[PDB]
>>> print(open('protein15.cif').read())   # mmCIF, C-alpha atoms
data_upload
#
loop_
_atom_site.group_PDB
_atom_site.id
_atom_site.type_symbol
_atom_site.label_atom_id
_atom_site.label_comp_id
_atom_site.auth_asym_id
_atom_site.auth_seq_id
_atom_site.Cartn_x
_atom_site.Cartn_y
_atom_site.Cartn_z
ATOM 1 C CA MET A 1 -24.314 -68.401 36.151
ATOM 2 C CA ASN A 2 -21.213 -66.781 34.657
ATOM 3 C CA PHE A 3 -18.424 -65.468 36.898
ATOM 4 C CA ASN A 4 -16.034 -64.471 34.110
ATOM 5 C CA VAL A 5 -12.742 -62.973 35.277
ATOM 6 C CA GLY A 6 -11.037 -62.603 31.888
ATOM 7 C CA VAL A 7 -12.668 -59.186 31.539
ATOM 8 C CA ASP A 8 -10.991 -57.833 34.693
ATOM 9 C CA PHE A 9 -7.724 -59.825 34.942
ATOM 10 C CA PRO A 10 -6.499 -60.784 31.462
ATOM 11 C CA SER A 11 -3.473 -63.016 30.964
ATOM 12 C CA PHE A 12 -0.895 -63.303 28.181
ATOM 13 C CA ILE A 13 1.917 -65.708 27.323
ATOM 14 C CA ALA A 14 5.422 -64.288 27.778
ATOM 15 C CA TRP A 15 7.619 -67.393 27.394
ATOM 16 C CA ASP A 16 6.724 -70.934 26.337
ATOM 17 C CA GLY A 17 10.104 -72.663 25.958
ATOM 18 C CA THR A 18 10.653 -71.780 22.291
ATOM 19 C CA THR A 19 9.831 -68.090 21.819
ATOM 20 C CA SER A 20 9.447 -64.927 23.895
ATOM 21 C CA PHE A 21 6.402 -62.764 23.173
ATOM 22 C CA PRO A 22 6.479 -59.033 24.013
ATOM 23 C CA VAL A 23 3.530 -58.057 26.208
ATOM 24 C CA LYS A 24 1.789 -54.685 26.439
ATOM 25 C CA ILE A 25 1.264 -52.994 29.811
ATOM 26 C CA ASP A 26 0.379 -49.486 28.608
ATOM 27 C CA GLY A 27 -3.350 -49.830 29.232
ATOM 28 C CA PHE A 28 -2.951 -51.387 32.689
ATOM 29 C CA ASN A 29 -1.630 -50.017 35.978
ATOM 30 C CA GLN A 30 -0.551 -53.249 37.710
ATOM 31 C CA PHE A 31 0.838 -56.606 36.640
ATOM 32 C CA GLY A 32 2.903 -59.588 37.715
ATOM 33 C CA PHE A 33 4.591 -62.711 36.434
ATOM 34 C CA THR A 34 3.912 -66.400 37.069
ATOM 35 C CA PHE A 35 6.373 -69.281 36.690
ATOM 36 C CA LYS A 36 5.567 -72.974 36.312
ATOM 37 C CA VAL A 37 7.797 -75.932 35.471
ATOM 38 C CA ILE A 38 6.582 -79.020 33.614
ATOM 39 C CA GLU A 39 9.442 -81.451 34.308
ATOM 40 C CA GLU A 40 12.377 -81.917 36.661
ATOM 41 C CA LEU A 41 15.230 -79.499 36.022
ATOM 42 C CA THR A 42 18.972 -80.147 35.966
ATOM 43 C CA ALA A 43 19.957 -76.856 37.632
ATOM 44 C CA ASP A 44 18.749 -73.333 38.314
ATOM 45 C CA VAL A 45 17.657 -71.423 35.211
ATOM 46 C CA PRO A 46 18.084 -67.611 35.277
ATOM 47 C CA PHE A 47 15.959 -65.192 33.262
ATOM 48 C CA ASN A 48 16.691 -61.710 31.911
ATOM 49 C CA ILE A 49 13.970 -59.048 32.056
ATOM 50 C CA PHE A 50 13.681 -56.610 29.145
ATOM 51 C CA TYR A 51 11.433 -53.718 28.198
ATOM 52 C CA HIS A 52 10.771 -52.297 24.739
ATOM 53 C CA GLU A 53 10.071 -48.769 23.524
ATOM 54 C CA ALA A 54 7.628 -47.519 20.911
ATOM 55 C CA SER A 55 9.116 -47.705 17.430
ATOM 56 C CA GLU A 56 9.700 -44.490 15.505
ATOM 57 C CA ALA A 57 8.178 -45.776 12.258
ATOM 58 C CA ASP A 58 4.929 -47.073 13.798
ATOM 59 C CA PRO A 59 3.329 -45.824 17.049
ATOM 60 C CA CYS A 60 2.077 -49.343 17.898
ATOM 61 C CA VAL A 61 5.015 -51.711 17.313
ATOM 62 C CA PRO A 62 7.626 -52.698 19.932
ATOM 63 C CA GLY A 63 11.197 -51.532 19.522
ATOM 64 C CA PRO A 64 14.434 -53.305 20.426
ATOM 65 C CA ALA A 65 14.865 -54.903 23.828
ATOM 66 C CA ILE A 66 16.235 -52.747 26.661
ATOM 67 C CA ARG A 67 17.516 -54.235 29.913
ATOM 68 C CA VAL A 68 15.564 -53.296 33.044
ATOM 69 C CA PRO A 69 17.534 -51.448 35.760
ATOM 70 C CA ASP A 70 17.590 -52.552 39.380
ATOM 71 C CA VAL A 71 15.880 -50.732 42.253
ATOM 72 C CA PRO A 72 17.304 -51.445 45.736
ATOM 73 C CA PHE A 73 15.003 -51.196 48.742
ATOM 74 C CA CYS A 74 15.587 -49.511 52.105
ATOM 75 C CA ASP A 75 17.114 -52.447 54.012
ATOM 76 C CA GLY A 76 18.700 -54.400 51.196
ATOM 77 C CA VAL A 77 21.479 -54.669 48.643
ATOM 78 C CA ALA A 78 21.777 -54.128 44.907
ATOM 79 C CA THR A 79 22.412 -56.658 42.160
ATOM 80 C CA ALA A 80 25.991 -57.456 41.176
ATOM 81 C CA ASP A 81 25.669 -55.362 37.991
ATOM 82 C CA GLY A 82 22.729 -53.074 38.791
ATOM 83 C CA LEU A 83 20.259 -54.941 36.569
ATOM 84 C CA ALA A 84 17.206 -57.019 37.441
ATOM 85 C CA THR A 85 16.938 -60.795 37.150
ATOM 86 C CA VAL A 86 14.965 -63.730 38.530
ATOM 87 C CA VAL A 87 16.399 -67.215 39.086
ATOM 88 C CA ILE A 88 14.233 -70.328 39.448
ATOM 89 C CA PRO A 89 15.827 -72.670 42.028
ATOM 90 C CA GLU A 90 16.371 -76.382 41.518
ATOM 91 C CA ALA A 91 14.266 -77.257 44.581
ATOM 92 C CA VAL A 92 11.066 -76.382 42.698
ATOM 93 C CA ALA A 93 8.649 -79.220 41.930
ATOM 94 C CA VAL A 94 6.379 -79.954 38.984
ATOM 95 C CA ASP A 95 3.259 -79.331 41.098
ATOM 96 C CA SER A 96 4.188 -75.831 42.332
ATOM 97 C CA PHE A 97 3.959 -72.311 40.931
ATOM 98 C CA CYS A 98 5.854 -69.118 41.742
ATOM 99 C CA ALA A 99 4.987 -65.426 41.463
ATOM 100 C CA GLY A 100 7.079 -62.294 41.075
ATOM 101 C CA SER A 101 7.132 -58.804 39.636
ATOM 102 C CA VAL A 102 9.284 -55.708 39.161
ATOM 103 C CA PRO A 103 8.785 -52.548 41.277
ATOM 104 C CA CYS A 104 8.598 -50.171 38.293
ATOM 105 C CA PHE A 105 7.224 -49.970 34.760
ATOM 106 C CA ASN A 106 9.779 -48.243 32.473
ATOM 107 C CA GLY A 107 8.766 -48.916 28.850
ATOM 108 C CA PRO A 108 5.196 -49.504 27.663
ATOM 109 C CA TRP A 109 6.059 -53.095 26.663
ATOM 110 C CA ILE A 110 7.738 -55.802 28.739
ATOM 111 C CA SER A 111 9.358 -59.158 28.071
ATOM 112 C CA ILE A 112 11.337 -61.978 29.662
ATOM 113 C CA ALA A 113 13.685 -64.590 28.218
ATOM 114 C CA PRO A 114 16.288 -67.041 29.540
ATOM 115 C CA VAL A 115 19.931 -66.062 29.767
ATOM 116 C CA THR A 116 20.813 -69.095 27.632
ATOM 117 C CA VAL A 117 18.920 -71.545 25.431
ATOM 118 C CA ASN A 118 19.304 -75.189 26.438
ATOM 119 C CA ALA A 119 17.315 -78.275 27.364
ATOM 120 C CA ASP A 120 16.557 -76.998 30.870
ATOM 121 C CA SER A 121 15.257 -73.642 29.622
ATOM 122 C CA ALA A 122 12.518 -75.429 27.649
ATOM 123 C CA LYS A 123 10.888 -76.829 30.813
ATOM 124 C CA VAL A 124 9.588 -73.478 32.130
ATOM 125 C CA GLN A 125 6.441 -71.550 31.201
ATOM 126 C CA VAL A 126 6.072 -67.839 31.996
ATOM 127 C CA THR A 127 2.817 -65.867 31.981
ATOM 128 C CA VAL A 128 1.962 -62.206 32.619
ATOM 129 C CA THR A 129 -1.173 -61.098 34.478
ATOM 130 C CA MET A 130 -2.747 -57.637 34.440
ATOM 131 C CA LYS A 131 -4.911 -56.124 37.171
ATOM 132 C CA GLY A 132 -7.056 -53.396 35.619
ATOM 133 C CA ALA A 133 -7.739 -51.253 32.575
ATOM 134 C CA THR A 134 -7.517 -47.469 32.836
ATOM 135 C CA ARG A 135 -8.726 -46.397 29.379
ATOM 136 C CA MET U 210 22.664 -8.041 38.074
ATOM 137 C CA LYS U 211 21.233 -10.339 35.398
ATOM 138 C CA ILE U 212 19.372 -13.582 36.147
ATOM 139 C CA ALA U 213 20.395 -15.657 33.138
ATOM 140 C CA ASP U 214 18.535 -18.856 34.044
ATOM 141 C CA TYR U 215 16.549 -20.660 36.736
ATOM 142 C CA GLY U 216 17.325 -24.317 36.013
ATOM 143 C CA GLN U 217 15.259 -27.381 36.854
ATOM 144 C CA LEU U 218 15.395 -29.393 40.080
ATOM 145 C CA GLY U 219 12.521 -31.856 40.459
ATOM 146 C CA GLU U 220 11.540 -34.906 38.443
ATOM 147 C CA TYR U 221 8.940 -37.671 38.305
ATOM 148 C CA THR U 222 10.319 -40.883 39.818
ATOM 149 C CA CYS U 223 9.158 -44.299 40.971
ATOM 150 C CA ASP U 224 7.765 -44.854 44.456
ATOM 151 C CA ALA U 225 10.172 -47.715 45.195
ATOM 152 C CA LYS U 226 13.238 -45.468 44.817
ATOM 153 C CA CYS U 227 13.729 -44.129 48.343
ATOM 154 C CA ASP U 228 16.365 -41.636 47.160
ATOM 155 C CA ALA U 229 16.128 -38.553 44.944
ATOM 156 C CA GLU U 230 18.129 -37.029 42.113
ATOM 157 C CA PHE U 231 20.194 -33.852 41.843
ATOM 158 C CA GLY U 232 19.102 -31.271 39.278
ATOM 159 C CA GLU U 233 20.848 -28.445 37.442
ATOM 160 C CA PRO U 234 21.072 -25.142 39.371
ATOM 161 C CA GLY U 235 20.402 -21.694 37.980
ATOM 162 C CA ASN U 236 22.927 -19.226 36.594
ATOM 163 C CA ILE U 237 23.309 -15.650 37.841
ATOM 164 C CA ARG U 238 25.666 -13.086 36.298
ATOM 165 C CA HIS U 239 27.155 -9.637 36.902
ATOM 166 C CA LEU U 240 27.408 -6.827 34.347
ATOM 167 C CA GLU U 241 28.719 -3.270 34.126
ATOM 168 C CA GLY U 242 28.819 -0.222 31.870
ATOM 169 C CA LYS U 243 30.456 3.170 31.401
ATOM 170 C CA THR U 244 29.822 6.812 30.606
ATOM 171 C CA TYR U 245 31.291 8.956 27.831
ATOM 172 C CA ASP U 246 32.643 12.470 27.327
ATOM 173 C CA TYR U 247 31.484 15.269 25.010
ATOM 174 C CA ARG U 248 33.750 18.302 24.611
ATOM 175 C CA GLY U 249 34.345 21.309 22.376
ATOM 176 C CA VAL U 250 35.864 24.779 22.169
ATOM 177 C CA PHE U 251 35.322 28.104 20.404
ATOM 178 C CA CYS U 252 37.297 31.352 20.307
ATOM 179 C CA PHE U 253 36.570 35.041 19.697
ATOM 180 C CA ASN U 254 38.223 38.419 19.197
ATOM 181 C CA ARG U 255 37.459 41.009 21.862
ATOM 182 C CA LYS U 256 37.359 44.112 19.653
ATOM 183 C CA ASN U 257 35.055 42.581 17.042
ATOM 184 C CA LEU U 258 32.839 41.014 19.706
ATOM 185 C CA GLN U 259 32.485 44.403 21.407
ATOM 186 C CA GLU U 260 31.885 46.402 18.224
ATOM 187 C CA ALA U 261 29.500 44.074 16.377
#
>>> encode(input="protein15.cif", output="structure tokens")
Amino acid sequence: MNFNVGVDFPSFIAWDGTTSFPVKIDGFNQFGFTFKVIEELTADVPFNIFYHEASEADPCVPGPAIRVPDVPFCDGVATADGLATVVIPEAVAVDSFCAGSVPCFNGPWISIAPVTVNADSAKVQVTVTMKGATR
Amino acid sequence: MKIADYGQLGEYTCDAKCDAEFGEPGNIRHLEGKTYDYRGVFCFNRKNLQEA
């Protein structure tokens, strides 16, 4: 009777309106984000993407946050400052969800947090999905 | 000729990046040397050399 998918496509919380939780992508070879809003916004809310590096003291503890660099495509343009960001537009509705991801991995951990902390930033929930274990 | 170094060119990069990076080229050098001179002299006396 069971059709469990949590064994093949686990999910973890990355932002919940109060705290950002580093997520681990070392054991997986694909992943993506997922944005949902729980109440009407006042304006667009931008997010900054970070990655962490293994700490020197402990081989299994995230280090300090490092900004993720941009990666322009063939027919396209780069970001104003060469970094990567995602902005949630004001047109979004409470009953919709949005998906996005970065083209490259960089560090073994990943994270996301708003550019500023305010009332609007608390209305968004961010989740990270994996797509397969390699170990 | 002396081949001091070979350098490294390639690297592992993401698939999204359509470009490629520039490495560090090798380093060739030229050298040279010399030769040296060994010299001496000795003298005799004809009468003694003939009579000995």
>>> resolve_selection(input="protein15.cif", expression="the PyMOL selection byres ((chain A and resi 109) around 8)", output="PyMOL selection string")
chain A and resi 22-26+51-53+62+107-108+110-111
>>> resolve_selection(input="protein15.cif", expression="the PyMOL selection byres ((chain A) within 8 of (chain U))", output="NGL selection string")
:A and (71-74 or 103-104)
>>> atom_distance(input="protein15.cif", atom1="CA of residue 64 in chain A", atom2="CA of residue 20 in chain A")
13.1 Å
>>> atom_distance(input="protein15.cif", atom1="CA of residue 232 in chain U", atom2="CA of residue 49 in chain A")
29.2 Å
>>> atom_distance(input="protein15.cif", atom1="CA of residue 6 in chain A", atom2="CA of residue 29 in chain A")
16.2 Å
>>> resolve_selection(input="protein15.cif", expression="the PyMOL selection byres ((chain A and resi 95) around 12)", output="list in words")
residues 35, 36, 37, 38, 39, 40, 91, 92, 93, 94, 96, 97 and 98 of chain A
>>> build_atoms(input="protein15.cif", residues="range 229-255 of chain U", atoms="N, CA, C and O atoms", output="PDB file, in the frame of the given file")
ATOM      1  N   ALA U 229      16.554 -39.603  45.856  1.00  0.00           N
ATOM      2  CA  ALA U 229      16.128 -38.553  44.944  1.00  0.00           C
ATOM      3  C   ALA U 229      17.339 -38.080  44.155  1.00  0.00           C
ATOM      4  O   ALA U 229      18.486 -38.302  44.552  1.00  0.00           O
ATOM      5  N   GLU U 230      17.074 -37.423  43.033  1.00  0.00           N
ATOM      6  CA  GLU U 230      18.129 -37.029  42.113  1.00  0.00           C
ATOM      7  C   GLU U 230      18.513 -35.566  42.309  1.00  0.00           C
ATOM      8  O   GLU U 230      17.776 -34.773  42.899  1.00  0.00           O
ATOM      9  N   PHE U 231      19.692 -35.218  41.795  1.00  0.00           N
ATOM     10  CA  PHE U 231      20.194 -33.852  41.843  1.00  0.00           C
ATOM     11  C   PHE U 231      19.984 -33.188  40.487  1.00  0.00           C
ATOM     12  O   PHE U 231      20.338 -33.757  39.450  1.00  0.00           O
ATOM     13  N   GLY U 232      19.411 -31.988  40.499  1.00  0.00           N
ATOM     14  CA  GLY U 232      19.102 -31.271  39.278  1.00  0.00           C
ATOM     15  C   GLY U 232      20.238 -30.390  38.807  1.00  0.00           C
ATOM     16  O   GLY U 232      21.401 -30.573  39.185  1.00  0.00           O
ATOM     17  N   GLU U 233      19.897 -29.422  37.959  1.00  0.00           N
ATOM     18  CA  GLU U 233      20.848 -28.445  37.442  1.00  0.00           C
ATOM     19  C   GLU U 233      20.509 -27.078  38.021  1.00  0.00           C
ATOM     20  O   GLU U 233      19.387 -26.589  37.810  1.00  0.00           O
ATOM     21  N   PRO U 234      21.411 -26.423  38.746  1.00  0.00           N
ATOM     22  CA  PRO U 234      21.072 -25.142  39.371  1.00  0.00           C
ATOM     23  C   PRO U 234      21.050 -24.002  38.358  1.00  0.00           C
ATOM     24  O   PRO U 234      21.491 -24.130  37.215  1.00  0.00           O
ATOM     25  N   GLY U 235      20.527 -22.869  38.812  1.00  0.00           N
ATOM     26  CA  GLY U 235      20.402 -21.694  37.980  1.00  0.00           C
ATOM     27  C   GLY U 235      21.755 -21.137  37.570  1.00  0.00           C
ATOM     28  O   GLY U 235      22.799 -21.783  37.668  1.00  0.00           O
ATOM     29  N   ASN U 236      21.720 -19.894  37.085  1.00  0.00           N
ATOM     30  CA  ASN U 236      22.927 -19.226  36.594  1.00  0.00           C
ATOM     31  C   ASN U 236      22.705 -17.715  36.695  1.00  0.00           C
ATOM     32  O   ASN U 236      21.958 -17.132  35.909  1.00  0.00           O
ATOM     33  N   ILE U 237      23.368 -17.097  37.668  1.00  0.00           N
ATOM     34  CA  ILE U 237      23.309 -15.650  37.841  1.00  0.00           C
ATOM     35  C   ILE U 237      24.599 -15.037  37.312  1.00  0.00           C
ATOM     36  O   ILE U 237      25.640 -15.700  37.254  1.00  0.00           O
ATOM     37  N   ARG U 238      24.536 -13.764  36.918  1.00  0.00           N
ATOM     38  CA  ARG U 238      25.666 -13.086  36.298  1.00  0.00           C
ATOM     39  C   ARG U 238      25.737 -11.639  36.763  1.00  0.00           C
ATOM     40  O   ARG U 238      24.757 -11.080  37.263  1.00  0.00           O
ATOM     41  N   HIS U 239      26.914 -11.041  36.595  1.00  0.00           N
ATOM     42  CA  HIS U 239      27.155  -9.637  36.902  1.00  0.00           C
ATOM     43  C   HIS U 239      27.573  -8.900  35.638  1.00  0.00           C
ATOM     44  O   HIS U 239      28.282  -9.453  34.792  1.00  0.00           O
ATOM     45  N   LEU U 240      27.141  -7.646  35.520  1.00  0.00           N
ATOM     46  CA  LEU U 240      27.408  -6.827  34.347  1.00  0.00           C
ATOM     47  C   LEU U 240      27.788  -5.418  34.785  1.00  0.00           C
ATOM     48  O   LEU U 240      27.604  -5.038  35.943  1.00  0.00           O
ATOM     49  N   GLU U 241      28.323  -4.642  33.843  1.00  0.00           N
ATOM     50  CA  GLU U 241      28.719  -3.270  34.126  1.00  0.00           C
ATOM     51  C   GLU U 241      28.759  -2.465  32.833  1.00  0.00           C
ATOM     52  O   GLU U 241      28.750  -3.018  31.731  1.00  0.00           O
ATOM     53  N   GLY U 242      28.803  -1.141  32.988  1.00  0.00           N
ATOM     54  CA  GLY U 242      28.819  -0.222  31.870  1.00  0.00           C
ATOM     55  C   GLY U 242      29.706   0.969  32.168  1.00  0.00           C
ATOM     56  O   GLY U 242      30.448   0.983  33.151  1.00  0.00           O
ATOM     57  N   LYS U 243      29.626   1.978  31.299  1.00  0.00           N
ATOM     58  CA  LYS U 243      30.456   3.170  31.401  1.00  0.00           C
ATOM     59  C   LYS U 243      29.644   4.412  31.060  1.00  0.00           C
ATOM     60  O   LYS U 243      28.460   4.338  30.725  1.00  0.00           O
ATOM     61  N   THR U 244      30.306   5.559  31.161  1.00  0.00           N
ATOM     62  CA  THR U 244      29.822   6.812  30.606  1.00  0.00           C
ATOM     63  C   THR U 244      30.832   7.334  29.586  1.00  0.00           C
ATOM     64  O   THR U 244      31.923   6.786  29.422  1.00  0.00           O
ATOM     65  N   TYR U 245      30.463   8.408  28.894  1.00  0.00           N
ATOM     66  CA  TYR U 245      31.291   8.956  27.831  1.00  0.00           C
ATOM     67  C   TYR U 245      31.380  10.468  27.971  1.00  0.00           C
ATOM     68  O   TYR U 245      30.667  11.081  28.769  1.00  0.00           O
ATOM     69  N   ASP U 246      32.273  11.066  27.183  1.00  0.00           N
ATOM     70  CA  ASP U 246      32.643  12.470  27.327  1.00  0.00           C
ATOM     71  C   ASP U 246      32.384  13.213  26.025  1.00  0.00           C
ATOM     72  O   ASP U 246      32.761  12.740  24.948  1.00  0.00           O
ATOM     73  N   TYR U 247      31.753  14.379  26.133  1.00  0.00           N
ATOM     74  CA  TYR U 247      31.484  15.269  25.010  1.00  0.00           C
ATOM     75  C   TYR U 247      32.149  16.605  25.310  1.00  0.00           C
ATOM     76  O   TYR U 247      31.956  17.160  26.395  1.00  0.00           O
ATOM     77  N   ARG U 248      32.943  17.114  24.366  1.00  0.00           N
ATOM     78  CA  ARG U 248      33.750  18.302  24.611  1.00  0.00           C
ATOM     79  C   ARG U 248      33.934  19.103  23.330  1.00  0.00           C
ATOM     80  O   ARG U 248      33.901  18.555  22.225  1.00  0.00           O
ATOM     81  N   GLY U 249      34.145  20.409  23.495  1.00  0.00           N
ATOM     82  CA  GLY U 249      34.345  21.309  22.376  1.00  0.00           C
ATOM     83  C   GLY U 249      34.949  22.616  22.850  1.00  0.00           C
ATOM     84  O   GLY U 249      35.192  22.817  24.040  1.00  0.00           O
ATOM     85  N   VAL U 250      35.191  23.513  21.892  1.00  0.00           N
ATOM     86  CA  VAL U 250      35.864  24.779  22.169  1.00  0.00           C
ATOM     87  C   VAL U 250      35.561  25.759  21.042  1.00  0.00           C
ATOM     88  O   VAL U 250      35.412  25.369  19.881  1.00  0.00           O
ATOM     89  N   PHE U 251      35.473  27.043  21.393  1.00  0.00           N
ATOM     90  CA  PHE U 251      35.322  28.104  20.404  1.00  0.00           C
ATOM     91  C   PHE U 251      35.998  29.368  20.919  1.00  0.00           C
ATOM     92  O   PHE U 251      36.074  29.596  22.128  1.00  0.00           O
ATOM     93  N   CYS U 252      36.474  30.194  19.985  1.00  0.00           N
ATOM     94  CA  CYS U 252      37.297  31.352  20.307  1.00  0.00           C
ATOM     95  C   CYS U 252      36.735  32.598  19.639  1.00  0.00           C
ATOM     96  O   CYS U 252      36.018  32.503  18.639  1.00  0.00           O
ATOM     97  N   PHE U 253      37.071  33.765  20.190  1.00  0.00           N
ATOM     98  CA  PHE U 253      36.570  35.041  19.697  1.00  0.00           C
ATOM     99  C   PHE U 253      37.692  36.066  19.656  1.00  0.00           C
ATOM    100  O   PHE U 253      38.825  35.800  20.063  1.00  0.00           O
ATOM    101  N   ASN U 254      37.356  37.249  19.147  1.00  0.00           N
ATOM    102  CA  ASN U 254      38.223  38.419  19.197  1.00  0.00           C
ATOM    103  C   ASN U 254      37.495  39.535  19.936  1.00  0.00           C
ATOM    104  O   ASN U 254      36.359  39.874  19.588  1.00  0.00           O
ATOM    105  N   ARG U 255      38.150  40.104  20.950  1.00  0.00           N
ATOM    106  CA  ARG U 255      37.459  41.009  21.862  1.00  0.00           C
ATOM    107  C   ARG U 255      36.947  42.256  21.157  1.00  0.00           C
ATOM    108  O   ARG U 255      35.806  42.672  21.387  1.00  0.00           O
TER     109      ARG U 255
END
